[PDB]
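Novice: The amino acid sequence is not available; the structure is as follows:
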Ligand SMILES: *[C@@H]1O[C@H](CO)[C@@H](O[C@@H]2O[C@H](CO)[C@@H](O[C@@H]3O[C@H](CO[C@H]4O[C@H](CO[C@H]5O[C@H](CO)[C@@H](O)[C@H](O)[C@@H]5O)[C@@H](O)[C@H](O[C@H]5O[C@H](CO)[C@@H](O)[C@H](O)[C@@H]5O)[C@@H]4O)[C@@H](O)[C@H](O[C@H]4O[C@H](CO)[C@@H](O)[C@H](O)[C@@H]4O)[C@@H]3O)[C@H](O)[C@H]2NC(C)=O)[C@H](O)[C@H]1NC(C)=O
Ligand SMILES: *[C@@H]1O[C@H](CO)[C@@H](O[C@@H]2O[C@H](CO)[C@@H](O[C@@H]3O[C@H](CO)[C@@H](O)[C@H](O[C@H]4O[C@H](CO)[C@@H](O)[C@H](O)[C@@H]4O)[C@@H]3O)[C@H](O)[C@H]2NC(C)=O)[C@H](O)[C@H]1NC(C)=O
Ligand SMILES: *[C@@H]1O[C@H](CO)[C@@H](O[C@@H]2O[C@H](CO)[C@@H](O)[C@H](O)[C@H]2NC(C)=O)[C@H](O)[C@H]1NC(C)=O
Ligand SMILES: *[C@@H]1O[C@H](CO)[C@@H](O[C@@H]2O[C@H](CO)[C@@H](O)[C@H](O)[C@H]2NC(C)=O)[C@H](O)[C@H]1NC(C)=O
Ligand SMILES: *[C@@H]1O[C@H](CO)[C@@H](O)[C@H](O)[C@H]1NC(C)=O
Ligand SMILES: *[C@@H]1O[C@H](CO)[C@@H](O)[C@H](O)[C@H]1NC(C)=O
Ligand SMILES: *[C@@H]1O[C@H](CO)[C@@H](O)[C@H](O)[C@H]1NC(C)=O
Ligand SMILES: *[C@@H]1O[C@H](CO)[C@@H](O)[C@H](O)[C@H]1NC(C)=O
Ligand SMILES: *[C@@H]1O[C@H](CO)[C@@H](O)[C@H](O)[C@H]1NC(C)=O
Ligand SMILES: *[C@@H]1O[C@H](CO)[C@@H](O)[C@H](O)[C@H]1NC(C)=O
Ligand SMILES: *[C@@H]1O[C@H](CO)[C@@H](O)[C@H](O)[C@H]1NC(C)=O
Ligand SMILES: *[C@@H]1O[C@H](CO)[C@@H](O)[C@H](O)[C@H]1NC(C)=O
Ligand SMILES: *[C@@H]1O[C@H](CO)[C@@H](O)[C@H](O)[C@H]1NC(C)=O
Ligand SMILES: *[C@@H]1O[C@H](CO)[C@@H](O)[C@H](O)[C@H]1NC(C)=O
Ligand SMILES: *[C@@H]1O[C@H](CO)[C@@H](O)[C@H](O)[C@H]1NC(C)=O
Ligand SMILES: *[C@@H]1O[C@H](CO)[C@@H](O)[C@H](O)[C@H]1NC(C)=O
Ligand SMILES: *[C@@H]1O[C@H](CO)[C@@H](O)[C@H](O)[C@H]1NC(C)=O
Ligand SMILES: *[C@@H]1O[C@H](CO)[C@@H](O)[C@H](O)[C@H]1NC(C)=O
Ligand SMILES: *[C@@H]1O[C@H](CO)[C@@H](O)[C@H](O)[C@H]1NC(C)=O
Ligand SMILES: *[C@@H]1O[C@H](CO)[C@@H](O)[C@H](O)[C@H]1NC(C)=O
Ligand SMILES: *[C@@H]1O[C@H](CO)[C@@H](O)[C@H](O)[C@H]1NC(C)=O
Ligand SMILES: *[C@@H]1O[C@H](CO)[C@@H](O)[C@H](O)[C@H]1NC(C)=O
Ligand SMILES: *[C@@H]1O[C@H](CO)[C@@H](O)[C@H](O)[C@H]1NC(C)=O
Ligand SMILES: *[C@@H]1O[C@H](CO)[C@@H](O)[C@H](O)[C@H]1NC(C)=O
Ligand SMILES: *[C@@H]1O[C@H](CO)[C@@H](O)[C@H](O)[C@H]1NC(C)=O
Ligand SMILES: *[C@@H]1O[C@H](CO)[C@@H](O)[C@H](O)[C@H]1NC(C)=O
Ligand SMILES: *[C@@H]1O[C@H](CO)[C@@H](O)[C@H](O)[C@H]1NC(C)=O
C-alpha cells in the first residue's frame, strides 16, 4: 500500500536557540533576585538515552553568552535605586593616617542646607584614590565615569542557580569521564532543568566549582594559538581559606536629602596586614599533575612564571569574600616553578580595594561599603586559567603564565557539558494503514 | 577612516631606552588585539608580542622577555587609545623598524599597519 | 504546556525505528517571554494536526500515496535498520511538499458529505 | 497560530456561498502584545467550536431546528444569489440567541447517550 | 470566562441532580492574560492525552479498584455533591491520572495493529 | 609544532605572463605585500579568501598542506616582496623583480 501516516511524539531534535529562565532552591533582598526565580523541583528528571551519539562545541555555546548578558543586567538593576557617590570626589587634602596601607583625610560636603557645607573626615585605601599632582588627591574614577554606591542591604554572595529550559525544549548533557570542549560524546542524557551553577567571580584561580573526575581535564579553543586562554580542571580540589585580622568601624557621611553613604570610620586595635594561606606540599603536587597533563599536548618541558603585567584586576588574584573585594599577589605559586622531569604554608600578602571597576565595560564603576568585624571565607580551588607565552619555535621550553583572558571563561568551566535543543514531535513514517 | 599614527624615528646610545607610540582612533579598539613586529635589515619580520586593549596583559617571546613592556593608556574619552613599547637594554644588533598591527576575526591577519619607526644603537 | 510530555518522546531516541513503538525585572520579563514562547509552540503542533484530520490522535492515517522521487525503499529496512534521526533527513527535504498535499487531502474529505 | 492560513479563508470573498465552498523597548513590547492578542483569538474560535460538539471539522452540522422568526428564505436563493457578507448583517442581531441554543443541544445530546 | 462561572452553578446540589439540571495597568493585565490562557490549556492538555478531547462527559476503560473508595453507587449521586468527592480522592489524584494515561496509549496500539 | 618553508626564495619573471610563488606550512596562512621601507599590505587571508580593496587579479589556492599564490596580468606597482605569515613565524619573502 505505502500509505503516508503522521506519528505524534517522535524523538527528533535540531540545534536551536532560546531564552532560559532562572530557578532557585529554598527574607533579605539578594542581588541575584532569587525570590523571582521559581522553586526547583525536589527531584529533577535525569532520563538517559540508550544508544546515541552527538557532538557540540562549547566555545560556540550561547548558554554562556546569555548568562553573561543577564548577569550584567542584574547587577545594573540592583544599583538603580540607592545613592550615587558623585559629589564625594572633590579636592581632597590627605597627608597620612595616624594608625601607605590606609590614608586618613577629610573633605567638604553638602549638608541639610544646600548653601551651607561641612567638613567631615573619612578613611580610604591608598590605591582607592590618586594624587592630583602635594598632599591632594581625588577618587580613582571621576574624570571618566560615575561611581555608584552598592546598596547596603543586598548581599553579593553567590547562591547556586539553575538555568532551566522552558516547555518544548530539552538540554543535552553527556557524562564522558574524560572529554574536552569539542568532539562527539556517546553517553548523552536529557535533563529538563540544569543543576547548580554558582556565579562565582574570579580572575586567576577558579573557586567553588565542580571538581573533575578520572582526569585533569584541559580545555582551550586551540592549543596552537596563543591568544586563546587555557582552562585547567582539577579532579582533587585544593583548600584555600584566609581571613583579614583587622577590625573595622562604620561611619555615616551625608550629602543630600535622605541620601547617606558609609565610609571607613576607624581602625580598632593594632594594624595588621591581611594575608592568605595555602598549603606547600599539597599545592606543589597539584601543579606537578597539571604539568604532566600539559606535557603530552606539547611534547616539551613545561615551566611556569608570574604574570607579565597589566592592571591590578588580572595581575593579582581577585574574588569575593564576605562582601569584600581582594587583589592578591598569588606570585609564590608561579615563580621559578619549573618541574623536574611538611607543615609549612604559603603566605600571600595583599590588601583590599573599595572602588572597583568590575564588569569592565566603559561608563561606570562601583563602591563597596565597609563592614565592621573580620571576615572568614574558606574556598576550594577547582581549575586554573593560563596563557602560553608562545615564543616561537622554542628548543624545549614552553613557559606558562597565569591571567584571566576574559571573564566569560569563569562560567565556561561549569558549562562545558550542556546544550539547549528544540524537539519536534512530528514525523511522517511509512505504514500500510489507510483510512476508510 | 581607520588609520594608525606613529612616533618619529629616534636614535639612542647603547644601554639607553627608547619609546615608540602607536595610536588607534578609527574603530572600537577594545574589540581587537594589537600586535608588534620588528623588521631588522637583512632578514624577515620578527614577532614581538601583543597587548590586549581591554586589560593591559602583554605576551612576549623569550628573546625579549623581561625587557620589552607593553602598556596602554586611553585618552580622556574612550577613543584614540595610545599603545606604547619600552625596552631596557639595547644590544648592538637591535637596529630595526618596529610596526604596529591589529588582529581580528580569530585569524592572525593584519589589515592595518603603522608607518614604522627606525631606531639605531 | 507541561514539558514532561515533551520529555517522554525523547526517551528511546537512539532506539531502532520499530523499538520506539514497542517501548518588572530581568526575572519576570524573560520568564514571560519564555512562557509566551512555550504556549505558542504547543499550538503549532495542534494547528498542523487539526487541519490534517488529526484530532487528539497519537497515530493517524491519511489517504495520500508516496511519490517515487521521495525515496525507494521497502518496510523492513526502514523499520528495523534506521533511526528517527538519520531517517528524518532523508525525507526532510520533502517535508514542506508533503504538508501541502496532506492538508488538501483532509479538506477534500469534508466536502464529500 | 500562523496568520497566513487565516488570510487563506478570505479568498473569493465576493463569491456566492455555494461558489465559495466549491473553490525593554516599544519594538518587542508591541510584538509581545500582538503575540498574546493573536493567540487568544485562535483559542476563542476553538473554544466555541469545542463546546458545540465540533472539534475542528471545517464543515460541521447540528440538530437544532431553525426558528422561522430569525429568517425564512428558500435554500437555493441564499446560496445562489447572496454573499457571505450580507448574511452576517441581517442575522448579526440574533447570533447570540443562535449561539446559546447550540450549547444546550450538545449538552442534551451527550447526556442522552449516557442514560440511553 | 463566563463558561467557568457556569460550572459553579448548583455547586451545593448533589452530583446526580447537578448533571440533570509600560505601567502598572498594561503589565498586570498582560500577566493575567498569559496566566488565564495557560490555565485553559492545562485542562485541555490533560483531556487530549486521555482520548476525550472536548466531550462534555468522557467515557473510559479503567477499572475502579476498591483501594481508593468503597461505597454503593446509589449513595454517591444522591446524598453528596462534587465538593466532598475531592477530599476522598484528592490525595491520590496523581495515581489515577498516570494509570488512566497509559490506558489511552495501550488502546491506541491495539487499534493500530488491528 | 608550526613548520615553515619558502623553497624558491627568489623569482624573476617577465611582465604579462603567469607567475606564482610557493609556500609550505601548517595552520592558517596569510599573504602580505611589502615594499621598500613601507608597511606590509594584506592581499588574501584564510588561504584563499580575498580582501576588500586589493584587485581581483591576486588569488590563491588551498591544497592540503601546499599553498599557492596565483599572479596574473602584471601591472607596475605590483612588484614587491611576498611572504606567507602563519600566527608567529614569518620567513623572508621572495622578490618579483623581473
Ligand atoms: C586549531 O587551528 C588549526 C589551524 O592552525 C586547525 O587546523 C585544521 O584542522 C582541520 C582538521 O582538524 C583541517 O581540516 C582537515 O583537512 C584535511 C585536508 O584538507 C585538504 O585536503 C583535502 C583532500 O586532500 C588531502 O588528500 C589528498 C589525497 O586524497 C592529498 O593528496 C592531499 O595532499 C591532502 O592530504 C581536501 O578535500 C580539502 O578541501 C576540502 O575541505 C575543505 C575544508 O577543509 C573545504 O573548504 C574544501 O572546499 C574541500 O571540500 C583540503 O584541501 C582533510 O583531509 C580533513 O578531513 C578529515 O575529516 C573528514 C571528515 O569527513 C574525513 O573524511 C577525512 O578523511 C579526514 O579524516 C580535515 O578536513 C584543517 O585543514 C586545519 N587547518 C588548516 C589551516 O590546515 C585545527 O583544527 C584547530 N583546532 C581546533 C580544536 O579548533
Ligand atoms: C565558597 O563557598 C563558601 C561556603 O559558602 C564561602 O564561605 C562562606 O561565605 C559566607 C558568606 O558569603 C559565610 O557566611 C557568613 O558567615 C558569617 C559567620 O557565620 C556571618 O556572620 C555572615 O553573616 C552575614 O550575612 C548575613 C545574611 O546576609 C547578614 O545578616 C549579616 O549581617 C552578615 O552580613 C555570613 O552568613 C560562610 O560562613 C562562609 N563559610 C565558611 C565555611 O566560612 C566562600 O566565601 C565561597 N567563596 C567565594 C570566593 O565566594
Ligand atoms: C587526578 O588525576 C591525576 C592525573 O591523572 C591522578 O594522578 C595519578 O595518581 C595516581 C595515584 O596512584 C598515580 O599512580 C599516577 O602516577 C598519577 N598520575 C597520573 C598521570 O595518573 C590523580 O590520582 C587523580 N586523583 C583523583 C582523586 O582522581
Ligand atoms: C597563616 O600562616 C602563618 C604562617 O606563615 C600564620 O602565622 C603564624 O601565626 C602564629 C599564631 O600563633 C604565630 O605563632 C606564628 O609566629 C606566625 N608565623 C608567621 C610566619 O607569621 C598565620 O596565623 C596563618 N593564618 C591563618 C588564618 O591560618
Ligand atoms: C545500541 O546499543 C544497544 C544496547 O544499549 C544495542 O541493543 C543496539 O543494538 C545498539 N545499536 C547500534 C546501532 O549499535
Ligand atoms: C570518553 O571519551 C572517549 C573518547 O574521547 C571514549 O573513548 C571513552 O569511552 C569515553 N568515556 C566513557 C566512559 O565512555
Ligand atoms: C579533544 O579530544 C579529542 C579526542 O581525540 C581531540 O581530537 C581534540 O583535539 C581535543 N580538543 C581539545 C581542544 O583538547
Ligand atoms: C552513562 O552515564 C550514566 C550516568 O549515571 C551511567 O550510569 C552509564 O553507565 C553511562 N553509560 C555509558 C555507556 O558510559
Ligand atoms: C574575629 O572575629 C571573631 C568572630 O567570631 C572574633 O571572635 C575574633 O575576636 C575576631 N578577631 C579579631 C582579631 O578581630
Ligand atoms: C583622621 O584625622 C582627623 C583629623 O582631625 C581626626 O579627627 C580623626 O580621628 C582621624 N581618624 C582616625 C581614624 O584617627
Ligand atoms: C614526542 O617526543 C618524543 C620524545 O620525547 C619523540 O620520540 C616523539 O617523536 C615526539 N613526537 C612528536 C610528534 O613530536
Ligand atoms: C621567570 O621570570 C623571571 C622574571 O624576571 C625571569 O627572571 C626568569 O628567568 C623566568 N624564568 C623562566 C624559567 O622563564
Ligand atoms: C608579588 O611579590 C613579589 C615579591 O614578593 C613582588 O616583586 C611583586 O611586586 C608582588 N606583586 C605586586 C603586584 O606587587
Ligand atoms: C629560580 O629559582 C630556582 C630555584 O631556586 C633557581 O635555581 C633559579 O636560579 C631562579 N632563577 C631566577 C631568575 O631567579
Ligand atoms: C572585632 O571584630 C568582631 C567581629 O566578630 C566584632 O564582633 C567586634 O565588635 C570587633 N571589635 C572588638 C573590640 O572585638
Ligand atoms: C570544596 O570541594 C570539596 C570537594 O569534596 C569539599 O570536600 C569541600 O567541602 C569544598 N569546600 C567548601 C568550603 O565547601
Ligand atoms: C583622571 O585624573 C587622574 C589624576 O590626574 C589621571 O591619572 C587620569 O589619567 C585621568 N583620567 C582621565 C580619563 O582623564
Ligand atoms: C483503503 O483500503 C480499502 C480496502 O482495501 C480500499 O477500498 C480503499 O480504496 C483504500 N483507501 C484508499 C485511499 O485507496
Ligand atoms: C514527483 O516528484 C517529481 C520531481 O521530484 C515531480 O516531477 C512529479 O510531478 C511528482 N509526482 C507526484 C505525483 O507528486
Ligand atoms: C536537500 O537539498 C539540498 C539542496 O542544496 C541538498 O544540498 C541536500 O543534499 C538535500 N538533502 C539530501 C538528504 O540529499
Ligand atoms: C465574479 O463575477 C463574475 C461574473 O458573474 C464571475 O465570472 C466570476 O467568477 C466572479 N468571481 C468569482 C471569484 O467567483
Ligand atoms: C421562534 O419563533 C416563534 C414563532 O415564529 C416565536 O414565537 C419565538 O419568539 C421565536 N423564538 C426565538 C428565540 O426566536
Ligand atoms: C439590529 O439592531 C439594530 C439596533 O440599532 C437595528 O438598527 C437593526 O435594524 C437590527 N436589525 C435586525 C435585522 O434586526
Ligand atoms: C438547597 O437546599 C434546600 C433545602 O435546604 C433544597 O430544597 C434545595 O433544592 C437546595 N438547592 C440546591 C441548588 O441544591
Ligand atoms: C487494588 O488495590 C490493592 C491495594 O493495595 C492492590 O493490592 C491491588 O493490586 C490493586 N488492584 C488493581 C487492579 O489495581
Ligand atoms: C492526605 O495526605 C495528607 C498529607 O500526607 C494527610 O495529612 C491526610 O491525612 C491525607 N488524607 C487521607 C484521606 O489520606
Ligand atoms: C598550485 O597548485 C597545484 C594544485 O594542483 C600544485 O600542483 C602546484 O604545485 C601549485 N603551485 C606550485 C608553484 O607548487
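Specialist: In hand now; what should we look at? Numbers count the residues shown, from 1 in each chain, chains lettered A, B, ... in the order given. Ligands and ions are numbered 1, 2, ... in the order given.
Novice: When you work out contacts or count neighbours from here on, use the C-alpha atoms and nothing else.
Specialist: OK.
Novice: Please enumerate residues in contact with stretch A:273-283?
Specialist: A:238-246, A:342-351 (CA atoms under 8 Å, 6 or more residues apart in numbering or on different chains).
Novice: er, stretch A:134-147 I mean
Specialist: A:84-86, A:89-95, A:127-132, A:355, A:362-367, B:76-77.
Novice: Let's see which of those residues end up in strands.
Specialist: A:92, A:93, A:94, A:129, A:130, A:131, A:355, A:364, A:365, A:366, A:367 (DSSP state E).
Novice: So which of those wins on neighbours?
Specialist: residue A:355 (23 neighbours; other CA atoms under 10 Å in any protein chain shown).
Novice: Would you point out which residue of chain F is nearest chain B?
Specialist: Proximity of chain F to chain B (CA to the nearest CA) peaks at residue F:92, 4.2 Å away.
Novice: Quick check: that residue touching residue B:44?
Specialist: Yes. Between residue F:92 and residue B:44 there is a contact under CA atoms under 8 Å: 4.2 Å.
Novice: which one of those two has more residues nearby?
Specialist: residue F:92 (18 against 15).
Novice: can you pull the contacts of that one?
Specialist: By CA under 8 Å, 6+ apart, the neighbours of residue F:92 are B:43, B:44, B:45, F:9, F:83.
Novice: Need these in JSON lines (columns: distance to ligand 4 and secondary structure).
Specialist: Formatted as JSON lines, the contacts of residue F:92 follow (distance: CA to the nearest ligand atom, whole Å; DSSP: H, G, I helix; E, B strand; the rest coil):
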{"residue": "B:43", "distance to ligand 4": "53", "secondary structure": "coil"}
{"residue": "B:44", "distance to ligand 4": "52", "secondary structure": "coil"}
{"residue": "B:45", "distance to ligand 4": "49", "secondary structure": "coil"}
{"residue": "F:9", "distance to ligand 4": "61", "secondary structure": "coil"}
{"residue": "F:83", "distance to ligand 4": "56", "secondary structure": "strand"}
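Novice: of those residues, list those near ligand 12.
Specialist: Of the residues in the contacts of residue F:92, proximity to ligand 12 by CA under 6 Å from any ligand atom holds for none.
Novice: In the longest helix belonging to chain A, which residues are buried?
Specialist: Selection of the longest helix in chain A by residue count, based on DSSP state H, yields helix A:280-298. Within helix A:280-298, the residues that qualify as buried are A:283, A:287, A:288, A:290, A:291, A:293, A:294, counting by 16 or more other CA atoms under 10 Å in any protein chain shown.
Novice: Looking at those residues, which one is closest to ligand 15?
Specialist: residue A:283 (30.2 Å; CA to the nearest ligand atom).
Novice: Please see if the host helix or strand of residue C:109 touches ligand 20.
Specialist: Using DSSP states H and E, the element containing residue C:109 is helix C:95-112. No. Counting by CA under 6 Å from any ligand atom, ligand 20 has no neighbours in helix C:95-112; the shortest distance is 10.6 Å.
Novice: filter the contacts of residue F:92 to the buried ones?
Specialist: B:45, F:9, F:83.
Novice: how about the strands in chain B?
Specialist: B:4-6, B:18-24, B:33-39, B:46-51, B:58-59, B:69-73, B:81-87, B:96-103, B:117-119.
Novice: right, so of these, which gets closest to ligand 20?
Specialist: strand B:96-103 (34.3 Å).
Novice: Which neighbours in the sheet does that closest one have, and how are they oriented?
Specialist: Looking at strand B:96-103 with DSSP bridges, its partner strands are strand B:33-39 (antiparallel), strand B:117-119 (antiparallel).
Novice: For the strands of chain B, give me CSV that also has distance to residue A:63 and mean neighbour count.
Specialist: Converted to CSV, the strands of chain B look like this (distance: least, CA to CA, whole Å; neighbours: other CA atoms under 10 Å in any protein chain shown):
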stretch, distance to residue A:63, mean neighbour count
strand B:4-6, 37, 19
strand B:18-24, 33, 19
strand B:33-39, 25, 20
strand B:46-51, 29, 22
strand B:58-59, 30, 24
strand B:69-73, 32, 21
strand B:81-87, 32, 19
strand B:96-103, 26, 22
strand B:117-119, 46, 18
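Novice: is it possible to export these to TSV including distance to residue A:56?
Specialist: Below are those laid out as TSV (distance: least, CA to CA, whole Å):
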stretch	distance to residue A:56
strand B:4-6	40
strand B:18-24	37
strand B:33-39	27
strand B:46-51	31
strand B:58-59	31
strand B:69-73	37
strand B:81-87	38
strand B:96-103	27
strand B:117-119	46
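Novice: what residues does chain F put near chain B?
Specialist: Contacts of chain F with chain B, taken as CA under 8 Å from any CA of the partner chain, map to F:28, F:30, F:38-42, F:45-46, F:86-93.
Novice: Is there a neighbour count for the closest residue to ligand 12 within chain C? I'd like the number.
Specialist: Closest residue of chain C to ligand 12, CA to the nearest ligand atom: residue C:26 (45.7 Å). Counted by other CA under 10 Å, the residues lying close to residue C:26 total 18.
Novice: pretty sure it is touching residue A:70, no?
Specialist: Yes. The criterion here is CA under 8 Å, and residue C:26 meets it with residue A:70 at 7.1 Å.
Novice: Next, the contact list for residue 25, please.
Specialist: You didn't say which chain, so I picked chain A. A:39, A:40, A:160, A:161.
Novice: if you could check chain F rather than the one you did, that'd help
Specialist: F:2, F:3, F:4, F:5, F:65, F:66, F:67, F:86.
Novice: again, 7 Å this time
Specialist: F:3, F:4, F:5, F:65 (CA atoms under 7 Å, 6 or more residues apart in numbering or on different chains).
Novice: got TSV for the strands of chain B, with distance to ligand 6 too?
Specialist: Listed next are these as TSV, based on distance: least, CA to the nearest ligand atom, whole Å:
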stretch	distance to ligand 6
strand B:4-6	46
strand B:18-24	44
strand B:33-39	33
strand B:46-51	34
strand B:58-59	32
strand B:69-73	40
strand B:81-87	43
strand B:96-103	33
strand B:117-119	50
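Novice: separation between whichever residue of chain C sits closest to ligand 18 and residue A:9?
Specialist: Per CA to the nearest ligand atom, residue C:63 is where chain C lies closest to ligand 18, at 4.4 Å. Using CA to CA, to the nearest Å, residue C:63 is found at 21 Å from residue A:9.
Novice: tell me the contacts of the residue nearest the centre of chain A?
Specialist: Centrality entry for chain A: nearest residue to the mean C-alpha point is residue A:201, 1.9 Å, by CA atoms, centre = their mean. Neighbour list for residue A:201: A:319, A:320, A:410 [criterion: CA under 7 Å, 6+ apart].
Novice: Residue A:104: how many residues sit nearby?
Specialist: Residue A:104: 20 neighbours (other CA under 10 Å).
Novice: for the one 10 residues further on, same thing?
Specialist: One way to gauge burial is a neighbour count; for residue A:114, by other CA under 10 Å, it gives 11.
Novice: What ranges does chain C have for its helices?
Specialist: C:4-10, C:17-22, C:26-51, C:75-81, C:84-92, C:95-112.
Novice: Make JSON lines out of the ones you listed and add distance to residue B:102.
Specialist: Shown next, in JSON lines, are the helices of chain C (distance: least, CA to CA, whole Å):
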{"stretch": "helix C:4-10", "distance to residue B:102": "47"}
{"stretch": "helix C:17-22", "distance to residue B:102": "54"}
{"stretch": "helix C:26-51", "distance to residue B:102": "37"}
{"stretch": "helix C:75-81", "distance to residue B:102": "54"}
{"stretch": "helix C:84-92", "distance to residue B:102": "43"}
{"stretch": "helix C:95-112", "distance to residue B:102": "47"}
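Novice: would you turn the ones you listed into a markdown table with distance to chain A?
Specialist: Listed next are the helices of chain C as a markdown table, based on distance: least, CA to the nearest CA, whole Å:
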| stretch | distance to chain A |
| --- | --- |
| helix C:4-10 | 5 |
| helix C:17-22 | 8 |
| helix C:26-51 | 5 |
| helix C:75-81 | 7 |
| helix C:84-92 | 6 |
| helix C:95-112 | 8 |
